Amino acid sequence: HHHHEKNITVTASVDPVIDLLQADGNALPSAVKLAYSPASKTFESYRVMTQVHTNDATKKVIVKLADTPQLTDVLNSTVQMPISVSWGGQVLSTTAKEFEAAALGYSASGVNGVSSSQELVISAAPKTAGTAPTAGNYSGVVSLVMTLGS
Amino acid sequence: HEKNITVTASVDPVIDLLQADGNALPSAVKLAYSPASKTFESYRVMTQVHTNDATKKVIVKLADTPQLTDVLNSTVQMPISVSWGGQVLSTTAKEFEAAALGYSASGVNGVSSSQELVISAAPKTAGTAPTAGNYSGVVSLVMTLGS
Amino acid sequence: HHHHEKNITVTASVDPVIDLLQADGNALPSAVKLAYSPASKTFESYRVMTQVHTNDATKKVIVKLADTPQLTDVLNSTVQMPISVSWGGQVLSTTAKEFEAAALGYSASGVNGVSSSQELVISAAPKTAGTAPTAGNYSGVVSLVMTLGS
């Protein structure tokens, strides 16, 4: 008699060669929010455990940021705070870092092609410590580029 | 210091499917594809029927056959599959008897025992990777109370 | 080689003086969805554990709502279900309530400038008490305003 409808939008970003997924099998979120503490004068970092999945485990995994990430006041371009990104214990930047199979622990993981868990950390700090940031809403993009080759 | 929290709700006063933990189901899910295993990680959540009448059957169908479609290329699609209460769902409705849904084992009036909801997808051809891109689709659940 | 770009938008709402974070450090969510049960005829309350982070732990904290929050039918603005908000064991309102420093347990927390944890509860009720709500999609905003007193 009564008809109830429920629409759930399903999405996927597919890469056939390489991707970085959460260690729990989920997709990484497209957006994260960092909290700033007026008490500790620091941001609470975003930390997530991830695994690289690849279609060839004989190749090297190369990781770099497409650009230097910044939190920028959405009302004032001039007002910025740097973002720091670490993955698998390595500070990432615009200069590429190479990760070899042994170091990614492919054999350890237990499914072929998939790395051991590595932590991804995204965080931020004010440009100069001691000086509190200016109030506002801030935005930026961590552009993670990862390549397979050799 | 202003802090804004948007709060929403979708209300059905006769029947709804909620999470088994009491939360609402999400309006959207994101599925991860692994280039290593060539498969998608399924979305799995335990659910309960909440209903104004627990003596009726619950009939469940999909309004349309769900697909993941390349946002930039309509011609490139992958099938989505949906399971509920241990049954593969389709455009043809499945009937769940009131007794099967375990209302008397739940211990809460009008709340069914838990039933797993599974959404997943697979490449069009098994063992062959799909093409790179961003894909999207709707699972359109239709549930009715029998008379 | 093959390159896969993955862009993660990072945002922050920065307040230098005072802010309310989740008790685990993360930012509060920007949105919550309340379930309505046709079985119990109630909305499930959203509850989250929170801490005040402040640059002065000696000051009273004043908390109010900017407007009386409503769950309003997105198709009909005249169908409003009242939203109720409590924080730290107090029902909040557009009329301010004050929380003394001593009461917020800054000195019981392990951390300078961080209060003891305080529960935030958001819930709602039907437009007319004792009568089920009409089917629809509803939306509203809980605007929380918090300043330091004396």
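Only this structure's heavy atoms are used, side chains among them; waters, hydrogens and symmetry mates stay out. Chain A is the first sequence line, chain B the second, and so forth, proteins listed ahead of strands; every chain is numbered from 1.
Proximity to chain B involves both the backbone and the side chain of A:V10, based on heavy atoms less than 4.5 angstrom apart. Heavy-atom distances place the side chain of B:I80, and not its backbone, under 4.5 Å from chain A. Both the backbone and the side chain of B:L31 have a heavy atom closer than 4.5 Å to some heavy atom of chain A. Residue contact with chain A, scored on non-hydrogen atoms closer than 4.5 Å, involves the side chain of B:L25 exclusively.
Considering only heavy-atom pairs separated by less than 4.5 Å from chain B, the leading option among A:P29, A:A57, A:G25 is A:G25. Interface check for chain A: of the options B:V71, B:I119, B:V142, B:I59, the most heavy-atom pairs under 4.5 Å are formed by B:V142. Note: B:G133 leads B:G133, B:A132, B:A129 in heavy-atom pairs under 4.5 Å with chain A. If you tally non-hydrogen atom pairs under 4.5 Å between each of B:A32, B:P130, B:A36 and chain A, the highest count goes to B:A36.
Screening residues 134-147 of chain B for salt bridge (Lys or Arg N to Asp or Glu O under 4.0 Å), with sequence neighbours left out, gives no hits.
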Would you please test B:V138 and A:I8 for side-chain contact (heavy atoms from CB on, under 4.5 Å) and show each step?
CA-CA 6 Å; B:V138 180; A:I8 301 171; 6.0 Å; no

Which donor-acceptor pairs sit under 3.5 Å apart between chain A and chain B?
unit_1: A:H1; atom_1: N; unit_2: B:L145; atom_2: O; d: 2.9
unit_1: A:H2; atom_1: NE2; unit_2: B:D12; atom_2: OD1; d: 3.3
unit_1: A:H2; atom_1: NE2; unit_2: B:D12; atom_2: OD2; d: 3.3
unit_1: A:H4; atom_1: N; unit_2: B:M143; atom_2: O; d: 2.9
unit_1: A:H4; atom_1: O; unit_2: B:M143; atom_2: N; d: 2.9
unit_1: A:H4; atom_1: NE2; unit_2: B:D16; atom_2: OD1; d: 3.2
unit_1: A:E5; atom_1: OE2; unit_2: B:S140; atom_2: OG; d: 3.0
unit_1: A:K6; atom_1: N; unit_2: B:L141; atom_2: O; d: 2.7
unit_1: A:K6; atom_1: O; unit_2: B:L141; atom_2: N; d: 2.6
unit_1: A:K6; atom_1: NZ; unit_2: B:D16; atom_2: OD1; d: 2.6
unit_1: A:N7; atom_1: OD1; unit_2: B:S140; atom_2: OG; d: 2.8
unit_1: A:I8; atom_1: N; unit_2: B:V139; atom_2: O; d: 2.8
unit_1: A:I8; atom_1: O; unit_2: B:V139; atom_2: N; d: 2.8
unit_1: A:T9; atom_1: N; unit_2: B:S27; atom_2: O; d: 3.0
unit_1: A:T9; atom_1: O; unit_2: B:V29; atom_2: N; d: 2.8
unit_1: A:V10; atom_1: N; unit_2: B:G137; atom_2: O; d: 2.7
unit_1: A:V10; atom_1: O; unit_2: B:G137; atom_2: N; d: 2.8
unit_1: A:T11; atom_1: N; unit_2: B:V29; atom_2: O; d: 3.0
unit_1: A:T11; atom_1: O; unit_2: B:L31; atom_2: N; d: 2.9
unit_1: A:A12; atom_1: N; unit_2: B:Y135; atom_2: O; d: 3.0
unit_1: A:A12; atom_1: O; unit_2: B:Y135; atom_2: N; d: 2.6
unit_1: A:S13; atom_1: OG; unit_2: B:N134; atom_2: OD1; d: 2.5
unit_1: A:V14; atom_1: N; unit_2: B:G133; atom_2: O; d: 2.7
unit_1: A:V14; atom_1: O; unit_2: B:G133; atom_2: N; d: 3.0

